[PDB]
């Protein structure tokens, strides 16, 4: 399997970002990592046969490495508490720096790709497509935070980020009253997804500091109001997968990635 590991400089973050890569076509599936993203390998490669599954799919596969608790967004400032000595700029990296590098050196097109995220990055994928539709006519969110700015979600996200390497949500998007929370809220940005005619794939499995069943109910509720709002707002290009058997884990996230392969091939290469 022709898998490569790349070192892609990021001017905005002042360091090189490692990227796992598999070629196979000009358009690419960007596979974004979960909350506890490591600096050696992307979770998709640690936990799943993703590369092998998309081998000879006509699609390249990109797996950026690093960015624990980053939400693949551009932060306001370095995380204040855990000694981060630079500012996260992952939206800048994914939409400008990395595509530029991959085009010049490998001929991967900066346009007409898929963004696929899970847990932390599920919402990120949708937000990337909302604001960069030419880069991402396709986005998948597998167990993502679909309404990060509302209700319990700013508190829970902040707690999760602290539990994942001590990162501070306030350094990311500000107090929950800051415009940045709504800017990066996929439900709030549904009208953009509808206007861009983004092909979206949303998965919400069963299963899983607060009782499991309270969390489930918040999650179910949020995922249904996203779904309802998408349809109400004129959305006609979504797939919504809520299987009872489905779980919030790599084996079912891989199940969804394999399930969506034909969908992506047809939208990107059809």
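Numbering follows the first chain given and starts at 1.
In the deposited sequence, the stretch from residue 208 to residue 209 hides 4 to 9 residues that have no coordinates. Stretches compared: 128-136, 162-170. Higher mean C-alpha B-factor in the entry: 162-170. Comparing the deposited coordinates for 211-219 and 37-45, the stretch with the larger average C-alpha B-factor is 211-219. For the set 93, 86, 71, 101, the PDB entry puts the maximum C-alpha B factor at 86. Out of 62, 232, 59, 65, it is 232 whose C-alpha atom has the highest B-factor in the PDB entry. Looking at the C-alpha B-factors along this chain, the one for residue 196 belongs to the middle third. Remark: residue 23 belongs to the lowest third of its chain, ranked by C-alpha B-factor as recorded. The deposited CA B-factor of residue 97 belongs to the lowest third of values across its chain. In this PDB entry, residue 142 carries a Cα temperature factor that places it within the lowest third of its chain's modelled residues.
Among all modelled residues in this chain, the alpha-carbon of residue 13 has a temperature factor (C-alpha) in the middle third.
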